[PDB]
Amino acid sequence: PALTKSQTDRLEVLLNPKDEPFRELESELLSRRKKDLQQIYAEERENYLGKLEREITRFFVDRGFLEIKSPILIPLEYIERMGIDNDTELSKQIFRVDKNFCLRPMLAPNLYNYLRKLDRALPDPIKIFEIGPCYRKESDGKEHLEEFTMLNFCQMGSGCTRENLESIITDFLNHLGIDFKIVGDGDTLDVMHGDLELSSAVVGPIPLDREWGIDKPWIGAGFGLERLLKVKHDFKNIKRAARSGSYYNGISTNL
């Protein structure tokens, strides 16, 4: 009569935010999910994460930011240089590769290097951004992924005010159609969606800049793309938005 917890878990996997006797309930949902995949295959054919990356890219390129693609595999030394010592949480979340490298847990190091180098060639202000995979060992699984995708944009030189930063964040999220609230937490702000952190943003300069050969004011923010998708598509578990073999655009592939 009553559905078991395992059966309910199975049906929830097949349930989409849009949906309103077990084997019958499962057959119904399976039919609907196959139809959803068939529609995607027939029309759009674009992956949610890939498409969001392209939409975000266009937004920043159009607003004067240079598109950067830097290494995902980085020197372990960069982590130390970011002020991440055995005293912070991140120190234990690092995925090491070999004895001198790791999977980047963030985009800041490579972007610091580009701000420094580009300042020798480009007119002020320097505006750049990168979107790409970042990695962190995590205990949570409902809001955190060990493999995720970050957008980090930044500007250095003129116009690096909290007002400008909040303005870009606002136009960005209103563009994507994602509700948010900017709250305080160098000047550090968090862009929240309810109790979910969409982004951490900062108004420099900060002491850390010296280690990277940076001596100008700057502003920047990092957003997790899977969290943006999660909110936008009303996914309950972030795994539905992740690179995966288990979901395609939020639809279960175990049909």
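The first residue of the sequence shown is number 1, and the count goes up from there.
Absent coordinates between residue 185 and residue 186 - deposited residues affected, binned into four classes: In the record, 4 to 9 residues between residue 185 and residue 186 lack coordinates.
How many residues sit between residue 20 and residue 21 in the deposited sequence but have no coordinates: none, 1 to 3, 4 to 9, or 10 or more? Count of unmodelled residues in between: 4 to 9.
Mean CA temperature factor from the deposited coordinates, higher in 137-145 or in 119-127? Averaging CA B-factors over each stretch, the winner is 137-145.
Would you determine, from the values in the PDB entry, which of 22-30 and 221-229 has the greater average C-alpha temperature factor? For C-alpha atoms only, the mean B-factor is higher in 22-30.
Which one of 154, 79, 72, 173 shows the biggest C-alpha B-factor in the PDB entry? So the option with the highest C-alpha B-factor is 79.
Residue with highest C-alpha B-factor in the PDB entry, from 53, 43, 67, 62: That would be 43.
When the modelled residues of the chain are sorted by Cα temperature factor, does residue 236 land in the lowest, middle or highest third? As the PDB entry reports it, the C-alpha B-factor of residue 236 lands in the highest third of its chain.
In terms of the CA temperature factor given in the entry, to which third of its chain does residue 58 belong: lowest, middle or highest? Tercile = lowest for this residue's CA B-factor.
Relative C-alpha B-factor of residue 104, binned into the chain's lowest, middle or highest third: CA B-factor rank for residue 104: lowest third.
What third of its chain, lowest, middle or highest, does the C-alpha temperature factor of residue 189 fall into? Its C-alpha B-factor, which the entry lists for residue 189, ranks in the highest third among residues of this chain.
By its CA B factor, does residue 97 count among the lowest, middle or highest third of the modelled residues in the chain? Answer is highest: the recorded C-alpha B-factor places it there.
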